[PDB]
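As a plain string of letters, each chain reads:
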Amino acid sequence: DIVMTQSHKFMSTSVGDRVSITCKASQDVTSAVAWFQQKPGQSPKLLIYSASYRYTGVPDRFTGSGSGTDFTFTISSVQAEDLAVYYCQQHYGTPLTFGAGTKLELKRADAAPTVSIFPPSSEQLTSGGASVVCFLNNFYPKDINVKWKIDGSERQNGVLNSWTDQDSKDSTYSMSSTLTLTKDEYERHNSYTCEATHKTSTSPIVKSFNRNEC
Amino acid sequence: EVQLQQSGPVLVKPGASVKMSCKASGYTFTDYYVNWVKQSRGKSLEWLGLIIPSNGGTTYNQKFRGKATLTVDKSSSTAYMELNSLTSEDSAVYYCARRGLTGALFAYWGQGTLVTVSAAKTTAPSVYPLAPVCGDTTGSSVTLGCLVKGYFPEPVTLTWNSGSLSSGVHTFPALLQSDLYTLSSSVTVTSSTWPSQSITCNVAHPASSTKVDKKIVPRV
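The deposited coordinates for this entry were obtained by X-ray crystallography, with a reported resolution of 1.9 Å.

Novice: Give me the lowdown on the domain arrangement of chain B, citing residues and values where you can.
Specialist: You can read the domains of chain B as domain 1 (1–119) and domain 2 (120–215). For domain 1 of chain B versus domain 2 of chain B, the separation of C-alpha centres amounts to 37 Å.

Novice: A description of the sheet that holds strand β14 (residues 157–160) of chain B should follow, citing residues and the corresponding values.
Specialist: Residue and element names in this part refer to chain B. Strand order in the open sheet formed by three strands is β14-β18-β19, and the pairing between neighbours is antiparallel. Strand pairing shows two members of the sheet lacking a second neighbour, β14 and β19 (210–215), which therefore form its edges. Strand-to-strand twist in this sheet, taken as the mean axis angle between neighbours without regard to direction, amounts to 15 degrees. Both β14 and strand β18 (residues 200–205) contribute to a ladder of four bridges, which runs antiparallel. For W160, the partnering residue across the bridge sits in β18 and is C201.

Novice: Explain the pattern of salt bridges to me, and be specific about the residues and the numbers.
Specialist: Residues and elements named next belong to chain A. Applying the stated criterion to the full structure yields 12 salt bridges over all chains. With its nearest N and O atoms 2.8 Å apart, the salt bridge here joins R61 to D82. Placement of the pair is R61 in the loop between β6 (53–54) and β7 (62–66) and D82 in the loop between β8 (70–75) and β9 (85–90), with a sequence separation of 21 residues. Among the residues examined, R61 registers a relative accessible area of 13% and is labelled buried. In this structure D82 comes out as buried when scored by relative accessible area, which is 1%. Salt bridges linked by common partners bring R61, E81 and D82 together as one network.

Novice: Which residues make up the interface of chain B and chain A, and what values go with them?
Specialist: Taken together, the contact between chain B and chain A spans 46 residues of the former and 42 residues of the latter. Counting across the interface, chain B meets chain A through zero salt bridges. Connecting chain B to chain A are 14 residue pairs in polar contact. Top element by residues in the side of chain B that touches chain A is strand β10 (residues 104–109) of chain B. It accounts for six residues.

Novice: Go over the pairing of strand β18 (residues 191–197) of chain A, please, and point to the residues and values.
Specialist: Residues and elements named next belong to chain A. Counting buried positions along β18 gives five out of seven residues, so the element sits mostly inside the fold. Pairing of β18 with strand β19 (residues 205–210) involves six bridges; the strand directions are antiparallel. Bridging across to β19, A196 finds its partner in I205.

Novice: Any chance you could break down the state of the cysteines for me, citing the residues and the numbers?
Specialist: Between two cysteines, a covalent bond joining their sulfur atoms is known as a disulfide. Residue and element names in this part refer to chain A. Counting across every chain of the model gives five disulfides over all chains. The disulfide partner of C23 is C88, and the S-S distance across this bridge is 2.0 Å. Linking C23 and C88, the disulfide has an S-S dihedral of approximately -90 degrees and is accordingly described as left-handed. Here the residue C23 occupies a position in strand β3 (residues 19–25), and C88 occupies one in strand β9, the gap between them amounting to 65 residues.

Cut-offs and rules
In this view, residue numbering begins from 1 on each chain in the order the sequence is written and may differ from the entry, while residues that lack coordinates are not shown. Naming scheme: in the order in which they are written, chains are lettered from A and ligands are numbered from 1. With hydrogens and water stripped out, all remaining heavy atoms of the structure feed into the side-chain values. Each domain's limits were defined by an automated method or a database of domain assignments. We treat two strands as partners when DSSP finds at least two bridges between them. A run of H or I in DSSP becomes a helix once it reaches four residues, and a run of E becomes a strand once it reaches two; helices and strands are each numbered from the N terminus. Lines fitted to C-alpha atoms define the axes, with helix axes restricted to the stretch in contact, and inter-axis angles between N-to-C directions lie between 0 and 180 degrees. Any carboxyl oxygen of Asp or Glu that lies within 4 Å of a side-chain nitrogen of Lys or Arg is treated as forming a salt bridge with it. Buried residues are those whose accessible area, probed at 1.4 Å on protein chains only, stays under 20% of the maximum for their type, while exposed residues exceed 50% and partly exposed ones sit between those limits. Note on contacts: a residue pair qualifies if any of its non-hydrogen atoms lie within 4.5 Å across the two residues. Within 3.5 Å is the distance limit for a polar contact, defined as a pair of N or O atoms, with the added protein rule that one can donate a hydrogen and the other accept it, and that residues adjacent in sequence qualify only through two side-chain atoms. Disulfides are defined in this document as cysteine sulfur pairs within 2.5 Å.

Shown next, in the form of structure tokens:
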């Protein structure tokens, strides 16, 4: 099976900038390569086919080239509506295959996350569960590290993270980290902490609380 | 113009089978092959196979041999794809597509059909209001939360104050655990207006015909 590898999972650009995405085939596929654009909730859209030809209706800012194993897709001058996921594909071999995609995102000034921690709701405890939630909102870039600490010890078991896509309004990212334990275990620890590490600061942003302390 | 209309979403259990349709219009059905593509959660695209309308001849991705069956009804210019012995691994959006110009493959796409495979039973969500830490928070802005846990199937519609608050809201993608979904949402308000100006989390789950409200209240 021929593997198509794209240059990046994410790429940051600015309106008016020139951007290029590349793809490498694990085997020679001549010029049987296509490039697609896909927006959330929509089907992929063909932009470039046979490595270098624009499909009907595709704007001149989109071009591509390559033959063999190395291909390039270029947007000469990025427009706001071009922020999306781009995929390359090869149809020389069988089965035809797609790359994993490259998400083109918008660059903006760095922003530290706003961190908030939340002890389990009283209602959840009555059911025997204990979820501690930590929100890390509106930060940039997307790169971030969150670690939980219970009474000073790092905890990784029972933690689930969820991320929102780059916001269309302020170009920031947000994340939710949830540490779930049973009520029984939650009631055997005192201090709960969620600390975030982001490039915007050498020091971690720490949010904590002590169980039953009001 | 060329159009490919696919059938609605389906939700079934492991071991089941499903048959979806792709109605072609705007051209002579038998003039082009119909390809099918699978896209799983993370947006991973995979080719399933293709069918030649005129003869019914088929070509499959070895990976999906015996799992997918392609057929056509020339009479109604419709292509069908049937999946059998379903498992959670088959959950994904399935697309039908057609080529354009000359050699311009995948020039036209259907809107896709969502297929969800799970053994889970319909379960209404437990909705938990998350007020700030008992100790205190700083600044004039504060963030509140709402945890929606243990529901099935997707989706749920979460709003704050019945939709009156939206600007400072972040509703995160749901996570599947032990066959059940969980999601969280946060809302950030300004000018020390909480708890003076009430905030409530509302959650609707049509599959269970439920609608619940949870007012956020200071911890006492």
